[PDB]
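Enquirer: Mind looking over this structure? Questions follow.
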Amino acid sequence: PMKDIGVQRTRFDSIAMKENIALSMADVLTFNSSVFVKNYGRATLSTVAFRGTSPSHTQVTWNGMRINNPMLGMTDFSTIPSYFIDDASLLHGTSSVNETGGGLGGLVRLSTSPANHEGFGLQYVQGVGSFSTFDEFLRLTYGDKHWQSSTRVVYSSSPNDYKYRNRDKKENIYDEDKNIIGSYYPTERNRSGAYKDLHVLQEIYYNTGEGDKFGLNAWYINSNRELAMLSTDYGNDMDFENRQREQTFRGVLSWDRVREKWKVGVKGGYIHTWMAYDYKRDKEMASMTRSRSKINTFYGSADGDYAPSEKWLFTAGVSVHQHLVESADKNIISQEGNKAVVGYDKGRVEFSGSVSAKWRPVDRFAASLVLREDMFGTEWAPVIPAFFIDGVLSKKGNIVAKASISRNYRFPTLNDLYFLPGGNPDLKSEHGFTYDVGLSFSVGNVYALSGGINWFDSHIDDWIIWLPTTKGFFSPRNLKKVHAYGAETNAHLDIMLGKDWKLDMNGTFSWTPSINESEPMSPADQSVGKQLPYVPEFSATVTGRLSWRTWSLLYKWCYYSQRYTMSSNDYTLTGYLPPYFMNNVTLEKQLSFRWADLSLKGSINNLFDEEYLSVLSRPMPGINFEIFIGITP
Amino acid sequence: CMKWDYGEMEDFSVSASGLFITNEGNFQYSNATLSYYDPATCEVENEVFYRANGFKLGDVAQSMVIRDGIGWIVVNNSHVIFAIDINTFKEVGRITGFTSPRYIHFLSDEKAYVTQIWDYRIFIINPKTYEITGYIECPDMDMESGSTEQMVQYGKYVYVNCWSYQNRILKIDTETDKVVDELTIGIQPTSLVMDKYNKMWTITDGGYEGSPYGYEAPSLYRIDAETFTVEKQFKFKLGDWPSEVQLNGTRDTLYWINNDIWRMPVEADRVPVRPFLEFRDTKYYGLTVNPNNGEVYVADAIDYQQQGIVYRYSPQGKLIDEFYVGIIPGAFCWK
Numbered sequence: 045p046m047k048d049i050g051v052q053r054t055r056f057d058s059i060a061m062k063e064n065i066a067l068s069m070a071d072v073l074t075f076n077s078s079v080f081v082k083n084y085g086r087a088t089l090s091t092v093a094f095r096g097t098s099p100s101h102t103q104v105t106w107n108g109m110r111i112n113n114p115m116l117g118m119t120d121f122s123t124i125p126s127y128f129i130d131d132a133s134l135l136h137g138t139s140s141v142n143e144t145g146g147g148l149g150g151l152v153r154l155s156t157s158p159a160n161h162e163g164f165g166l167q168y169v170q171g172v173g174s175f176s177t178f179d180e181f182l183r184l185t186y187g188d189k190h191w192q193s194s195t196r197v198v199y200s201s202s203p204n205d206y207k208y209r210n211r212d213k214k215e216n217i218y219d220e221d222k223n224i225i226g227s228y229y230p231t232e233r234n235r236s237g238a239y240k241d242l243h244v245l246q247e248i249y250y251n252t253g254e255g256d257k258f259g260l261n262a263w264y265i266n267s268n269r270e271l272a273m274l275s276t277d278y279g280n281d282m283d284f285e286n287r288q289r290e291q292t293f294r295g296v297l298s299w300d301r302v303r304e305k306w307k308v309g310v311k312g313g314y315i316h317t318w319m320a321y322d323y324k325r326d327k331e332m333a334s335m336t337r338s339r340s341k342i343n344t345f346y347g348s349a350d351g352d353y354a355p356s357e358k359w360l361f362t363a364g365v366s367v368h369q370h371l372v373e374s375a376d377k378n379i380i381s382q383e384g385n386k387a388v389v390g391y392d393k394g395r396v397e398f399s400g401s402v403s404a405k406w407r408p409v410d411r412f413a414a415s416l417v418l419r420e421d422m423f424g425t426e427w428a429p430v431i432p433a434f435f436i437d438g439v440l441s442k443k444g445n446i447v448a449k450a451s452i453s454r455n456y457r458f459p460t461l462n463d464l465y466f467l468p469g470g471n472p473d474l475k476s477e478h479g480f481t482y483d484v485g486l487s488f489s490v491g494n495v496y497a498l499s500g501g502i503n504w505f506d507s508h509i510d511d512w513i514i515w516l517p518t519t520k521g522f523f524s525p526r527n528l529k530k531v532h533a534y535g536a537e538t539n540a541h542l543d544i545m546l547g548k549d550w551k552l553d554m555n556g557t558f559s560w561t562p563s564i565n566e567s568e569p570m571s572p573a574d575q576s577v578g579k580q581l582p583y584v585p586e587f588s589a590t591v592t593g594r595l596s597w598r599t600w601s602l603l604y605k606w607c608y609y610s611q612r613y614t615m616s617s618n619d620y621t622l623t624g625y626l627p628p629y630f631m632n633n634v635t636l637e638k639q640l641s642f643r644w645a646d647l648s649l650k651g652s653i654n655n656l657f658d659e660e661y662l663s664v665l666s667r668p669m670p671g672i673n674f675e676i677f678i679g680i681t682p
Numbered sequence: 032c033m034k035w036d037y038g039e040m041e042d043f044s045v046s047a048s049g050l051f052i053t054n055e056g057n058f059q060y061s062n063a064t065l066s067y068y069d070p071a072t073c074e075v076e077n078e079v080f081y082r083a084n085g086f087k088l089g090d091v092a093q094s095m096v097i098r099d100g101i102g103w104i105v106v107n108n109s110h111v112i113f114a115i116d117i118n119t120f121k122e123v124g125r126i127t128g129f130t131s132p133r134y135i136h137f138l139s140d141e142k143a144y145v146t147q148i149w150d151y152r153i154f155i156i157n158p159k160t161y162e163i164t165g166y167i168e169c170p171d172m173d174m175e176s177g178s179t180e181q182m183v184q185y186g187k188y189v190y191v192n193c194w195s196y197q198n199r200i201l202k203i204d205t206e207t208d209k210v211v212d213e214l215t216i217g218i219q220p221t222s223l224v225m226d227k228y229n230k231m232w233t234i235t236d237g238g239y240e241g242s243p244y245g246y247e248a249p250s251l252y253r254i255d256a257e258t259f260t261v262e263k264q265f266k267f268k269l270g271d272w273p274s275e276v277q278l279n280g281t282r283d284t285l286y287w288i289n290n291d292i293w294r295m296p297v298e299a300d301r302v303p304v305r306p307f308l309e310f311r312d313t314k315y316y317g318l319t320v321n322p323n324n325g326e327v328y329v330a331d332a333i334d335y336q337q338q339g340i341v342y343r344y345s346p347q348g349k350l351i352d353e354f355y356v357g358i359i360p361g362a363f364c365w366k
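Chain order of the listed sequences is C and D.
Quick note, the first sequence lines up with residues 45 to 327, 331 to 491, 494 to 682 if you use the authors' numbering.
Position in the second sequence (from 1) plus 31 gives the number in the authors' numbering.
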């Protein structure tokens, strides 16, 4: 019960992240946690946002690496399959710092671990259904007392022409001389929404009798997704062409020497993304906007925890990323008749060093101080501190209260500064003063229950926001100063109401206001003290399931309050987003054989066939299903 | 327990003189809207297109021209132009297939041009049949950086400014529908207008800092239509971000927004030292002049994230009225 001294982190159940093969990775977070996920499609631009916080302050970690490509400081979550993760914590707010700094909202801490299965355990899962959607996954594992290896691969493809009664655009019935007769809402198909995604991860691991672990995993993805025509796009799908290719790699090597009190480890990694965007039309095709941008990044990390006995613990860590970008957006005809490009190419180091002291005088009271120094490029960020306290209010029911205060900083990204079509490379670092407080609760082996609540409060100083000009392009400016408090609650219980009648349940609920608190921009600024747009006031998510011997079933539901599409938050017919109640359910039956384990499962999304909207102008499919068959060792 | 909404099919007959305000909205948000303001009552109605048709306008309405009681609204990111009744706002027709329509210029009841960005062709259409009829190939222009913006007619010729990553004016012979001449001026001319002296005013934006094409002080140019030669050049200061130049009904006083709202006789030999309206902490984005009484309407987009407001000032600079419209008003159309 240390290093989590006053730390708020959401741990995910073993089957919460291995429920369905595709399942993206946003679909695990959005149903076992309570953060906001801007999301429209399956292969969509799914972005996670913490308590009243922009996604730019929600940075992620894979095996100690920063995955958010510094060309734009975030991570796309449709680019991660559910089956490609073994360990996944989620550090909230001020508790994100004692792993890495720069996280104002918080951190998603990801890592792959060896399954520790001995022998050869090839596992194949094949899944079909919905709108000609096909998913395949395969895992070949090798086990040994000292060596270990595993190869995983996912391929998913679908055209995504789902039928929608389009309440956003009408179609006409004409006559002689093009005199309009009729108009109806068409039952159309999602235009240019197809996708073809492939992932492959190869990992090996080494262990000796004394505590010397080695590990290495490489991860290639090849993504080819069609940008959906927005609902008011009166263009032919076979005439226009909107394509996103992303070929990227992430690899990490680790060495960990752990003995009794002192645990030490080093890591080194590399990422390399190549994003190609294509927008073309027919006259026999021709490119309207055709771009290729590639960034590669080198990593270096070293962490160490020396804990002399109990009551004192000290951690230290360092993470340095050297980034190297190459942007190229358009090819233009320069005035001299030559051919020139508008893309830039830069790169900068990103160092973060941390030292923390955990001290628990007795079992009841305990405190901790973490202290980070960050340096991106050539500028030293002012010390980013945080301080945690936890206390055992009553041993009956483990009721434990925690609180923590910190002051985070976020540096602007390479697009935030050096974007050549854009501008403003002199942007100030985002400042956040934050402090939390909460309580936790648990009661116990033939029955069990737990829960807790918290309290969020954060002032963000001059923070980046992109604005249009009178020239037709965006540029950033540190204008707004937001004030985003809130609170989060969780509860999980399981009472075995029989010989084998397990009932596993958990649920979360969050009140996340992010009121604007900046200089009123104009004499007609209605957004002076209104919540920021696309920030749901209330969010909630419950997932519950039960087991009867080899049969199992889980049901998930989530609700997001009205998402304001306007900074002023006023009602608008053209831009109203209703509250969002997504319900889905999956069920499985398995049956064990000799040396094999067969399972068949079926999952539904958008039960009740609700025709709705989650992002403005972007249609959503009706009720959809996928059925999966799995062989496992 | 949630739903989508369709309908709200309203119907209303509106005044004779009015002002339309297009609202660009947010890219890929399909929240573009049309507003209608009545100067006689000082009452504005918003989202009139959706309220009259029951479906959204599209995504990036750019401009509007009216020919014979029918208003043509160009929706840049919807690959369509809507033709509506100027009184009921109900759709009467539409033309799809446009790469990224910008402005529309009518040559006759059966022939009209539609400029485009991200295209080296100017789409020719037939307003009477509501279909695309042809293309105007622009010289020295590719799809990657092609750009045609505004158009003005001079006899049998039509002049068009090439804005995005361009530095020229094209001369098109309407009798053959082909480009017959060009003129190189400052980098990126933004607009083109014609005054009562058969002179063409255009204002360039000077590109942008770090551009592989160019970066310069934007400028206002006076070009003779008959000889197609630059006669006057009024350079401003580097760093300015002026808007498209526009003229009033009598075509003898040009106005624009720079950092303030300026006004100048077209015969002047220098830019006036005093502005029309001193800056007042309002994000001037759009501008227009009533062709009948000279009242100046200034559209401030505010933070580009919520509904904008338009201020109505008298020719003398007296605040007459103010009203909330849609998101990011950038174009006006007088009825």
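C-beta atoms are modelled at their ideal positions from N, C-alpha and C, and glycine is treated no differently.
(1) Assuming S348(C) and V310(C) are in contact, meaning their beta carbons sit under 8 Å apart, how far apart are those beta carbons, in whole angstroms?
(2) Evaluate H101(C) with the Cβ neighbour count: other Cβ atoms within 10 Å of its Cβ, from every protein chain shown; 16 or more gives buried, anything less gives exposed.
(3) Which residues, in chain order, does the stretch 62-87 of chain D contribute to contact with chain C at a C-beta distance below 9 Å?
(4) Taking all protein chains shown into account, decide if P429(C) is buried (16 or more other Cβ within 10 angstroms of its Cβ) or exposed.
(5) Which same chain residues end up closer than 8 Å to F121(C) when comparing Cβ atoms and leaving out the 5 residues on each side of it in sequence?
(6) Count the C-beta pairs between the stretch 662-675 of chain C and the stretch 626-634 of chain C that are closer than 8 Å, then say yes if the count reaches three, no if not.
(7) By the 10 Å Cβ neighbour count, where 16 or more other Cβ atoms means buried, how is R598(C) classified, buried or exposed?
(8) With a threshold of 6 Å on Cβ separation, who are the neighbours of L182(C) within its own chain once the five nearest residues in sequence on each side are excluded?
(9) Tell me whether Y286(D) is buried or exposed, calling it buried when 16 or more other Cβ atoms sit within 10 Å of its Cβ.
(10) Mind reading off the beta-carbon distance from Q277(D) to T319(D)? Whole number of angstroms is fine, and I expect it under 8 Å.
(11) Can you find the residues in the same chain that come closer than 6 Å, C-beta to C-beta, to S334(C), ignoring five residues on each side of it along the sequence?
(12) Hey, how far is the Cα of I436(C) from the Cα of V634(C)?
(13) Below 7 Å between beta carbons is the criterion; list the residues of the stretch 132-166 of chain D that meet it against any residue of chain C, in chain order.
(14) Give, in chain order, every residue of the stretch 353-366 of chain D whose Cβ lies closer than 9 Å to some Cβ of chain C.
(15) Can you round the beta-carbon distance between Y199(C) and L242(C) to whole angstroms, since I take them to be within the 8 Å contact cut?
(16) Report the neighbours of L649(C) on chain D: residues whose CB is nearer than 9 Å to its CB, in chain order.
(17) Helix, strand or coil: how does DSSP classify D277(C) here?
(18) With H, G and I counted as helix, E and B as strand and the rest as coil, what does DSSP make of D291(D)?
(19) Is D352(D) helix, strand or coil by DSSP?
(20) Around the Cβ of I59(C), are there at least 16 other Cβ atoms within 10 angstroms (buried) or fewer (exposed)?
(21) Classify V51(C) as helix, strand or coil using the three-state DSSP reduction.
(22) Look at the alpha carbon of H532(C) and the alpha carbon of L135(C), and state the distance between them as a whole number of angstroms.
(23) Could you have a look at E586(C) and say whether DSSP puts it in helix, strand or coil?
(24) Could you give the first and the last residue of the continuous alpha helix (DSSP H) run that contains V388(C)?
(25) Excluding the 5 residues preceding and the 5 following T336(C) in the sequence, name in chain order all residues of the same chain whose CB lies nearer than 6 Å to its CB.
(26) Distance check for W600(C) and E637(C), CA to CA, integer angstroms please.
(27) Using a Cβ-Cβ cut-off of 6 Å (strictly less than) and excluding sequence neighbours within five positions of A362(D), which residues of its own chain qualify?
(28) Spell out whether any CB of chain D is found under 8 Å from the CB atom of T519(C).
(29) Does chain D have any CB closer than 8 Å to the CB of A589(C)?
(30) Starting from the Cα of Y185(D), find the closest Cα among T258(D), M174(D), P170(D), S131(D) and give me that residue.
(31) Expressed to the nearest angstrom, what Euclidean distance is found between the alpha-carbon atoms of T164(D) and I124(C)?
(32) Show which residues of chain C have a CB atom less than 9 Å away from the CB atom of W272(D).
(33) Spatial neighbours of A262(C) within its chain, please: C-beta separation below 6 Å, excluding the five flanking residues on both sides.
(34) Report the rounded CA-to-CA distance for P70(D) versus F51(D), giving the unit in angstroms.
(35) Confirm, please, whether the CB-CB distance from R282(D) to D334(D) is below 8 Å.
(36) Restricting to runs no shorter than 3 residues, where is the beta strand (DSSP E) found entirely within the stretch 95-136 of chain D?
Expert: According to the structure shown:
(1) Counting from one through the first sequence, the residue named residue 348(C) turns up at place 301. Counting from one through the first sequence, the residue named residue 310(C) turns up at place 266. That belief holds up - the Cβ atoms of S348(C) and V310(C) are roughly 7 Å apart, short of 8 Å.
(2) Within the first sequence, numbered from 1, the residue matching residue 101(C) stands at position 57. By the 10 Å Cβ count, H101(C) comes out buried.
(3) If the cut-off is 9 Å between Cβ atoms, the stretch 62-87 of chain D has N62, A63, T64, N77, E78, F80, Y81, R82, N84, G85, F86, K87 near chain C.
(4) Position 382 of the first sequence holds residue 429(C). That one is exposed.
(5) Here residue 121(C) is taken as the residue at index 77 of the first sequence, counted from 1. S68, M69, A70, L73, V81, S90, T91, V92, listed in sequence order.
(6) With three or more CB-CB distances shorter than 8 Å, the stretch 662-675 of chain C counts as touching the stretch 626-634 of chain C.
(7) Stepping through the first sequence from its first residue, residue 598(C) is reached at position 549. Answer is exposed; the Cβ neighbour count stays below 16.
(8) What you label residue 182(C) is simply residue 138 of the first sequence in a count that begins at 1. Hits under 6 Å: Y168, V197.
(9) For the purposes of this step, residue 286(D) is identified with residue 255 of the second sequence, where counting begins at 1. Around the beta carbon of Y286(D), a 10 Å sphere encloses 16 or more other beta carbons of the protein chains shown; the residue is thus reported as buried.
(10) Against the second sequence, residue 277(D) aligns to sequence position 246. Against the second sequence, residue 319(D) aligns to sequence position 288. Contact flag correct, Cβ pair sits at about 6 Å.
(11) For the purposes of this step, residue 334(C) is identified with residue 287 of the first sequence, where counting begins at 1. Listed in chain order, the non-local C-beta contacts of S334(C) below 6 Å within the same chain comprise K324, local neighbours out to five positions each way being set aside.
(12) Along the first sequence, read from residue 1 onward, the residue named residue 436(C) stands at position 389. Along the first sequence, read from residue 1 onward, the residue named residue 634(C) stands at position 585. Spanning the two alpha carbons is a distance of roughly 39 Å.
(13) Close to chain C, meaning a Cβ-Cβ distance shorter than 7 Å, are the following residues of the stretch 132-166 of chain D: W149, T160, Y161.
(14) The residues in question are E353, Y355, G357, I358, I359, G361.
(15) Position 155 of the first sequence, counting from 1, holds the residue named residue 199(C). Position 198 of the first sequence, counting from 1, holds the residue named residue 242(C). Right, their Cβ atoms sit about 5 Å apart.
(16) Mapped onto the first sequence, residue 649(C) falls at position 600. None at all; the shortest Cβ gap to chain D is about 31 Å.
(17) Mapped onto the first sequence, residue 277(C) falls at position 233. Three-state result, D277(C): coil.
(18) Here residue 291(D) refers to the residue found at position 260 when the second sequence is read from its first residue. Correct three-state label for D291(D): coil.
(19) Residue 352(D) sits at position 321 when you count from the first residue of the second sequence. Note: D352(D) maps to strand in three-state DSSP.
(20) Taking the first sequence and counting its residues from 1, the one referred to as residue 59(C) is at position 15. Per the 10 Å Cβ criterion, exposed.
(21) Here residue 51(C) corresponds to residue number 7 of the first sequence, with the count starting at 1. Of the three classes helix, strand and coil, the one that applies to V51(C) here is coil, per DSSP.
(22) As a first step, residue 532(C) is located in the first sequence; it is residue number 483 there, counting from the start. As a first step, residue 135(C) is located in the first sequence; it is residue number 91 there, counting from the start. Roughly 21 Å separates the two Cα atoms.
(23) Counted from its first residue, the first sequence places residue 586(C) at position 537. DSSP places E586(C) in coil when its eight states are reduced to three.
(24) If you number the first sequence from 1, residue 388(C) lands on position 341. For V388(C), no alpha helix (DSSP H) run applies; the uninterrupted beta strand (DSSP E) run containing it begins and ends at 386-388, by DSSP.
(25) In the first sequence, counting from the first residue as 1, residue 336(C) sits at position 289. Excluding residues within five positions, the ones whose Cβ falls inside 6 Å are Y323.
(26) Within the first sequence, residue 637(C) is the residue found at index 588, counting from 1. Within the first sequence, residue 600(C) is the residue found at index 551, counting from 1. Taking the straight line from one Cα to the other gives about 6 Å.
(27) Position 331 of the second sequence, counted from the start, is the residue given in the question as residue 362(D). Result list for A362(D): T53, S94, in chain order.
(28) Taking the first residue of the first sequence as 1, we reach residue 519(C) at position 470. Output row for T519(C): interface = yes.
(29) On the first sequence, residue 589(C) is found 540 positions in, with the first residue counted as 1. When Cβ-Cβ separations below 8 Å define contact, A589(C) makes no contact with chain D.
(30) By 1-based counting over the second sequence, the position of residue 185(D) is 154. Minimum Cα distance to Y185(D) is reached at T258(D).
(31) Here residue 164(D) refers to the residue found at position 133 of the second sequence. Here residue 124(C) refers to the residue found at position 80 of the first sequence. Within the model, the alpha-carbon separation for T164(D) versus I124(C) is close to 47 Å.
(32) Taking the first residue of the second sequence as position 1, residue 272(D) is located at position 241. Here the neighbours are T518, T519, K520.
(33) Your numbering for residue 262(C) matches position 218 in the first sequence. Answer for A262(C): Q246, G295, listed in chain order.
(34) On the second sequence, position 39 is the one that residue 70(D) refers to. On the second sequence, position 20 is the one that residue 51(D) refers to. Rounded to whole angstroms, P70(D) and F51(D) show a C-alpha spacing of 11 Å.
(35) As a working mapping, residue 334(D) is identified with position 303 in the second sequence. As a working mapping, residue 282(D) is identified with position 251 in the second sequence. At least 8 Å separates the beta-carbon of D334(D) from that of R282(D).
(36) Contiguous beta strand (DSSP E) elements confined to the stretch 95-136 of chain D occur at 101-106, 111-116, 122-127, taking only those with 3 or more residues.
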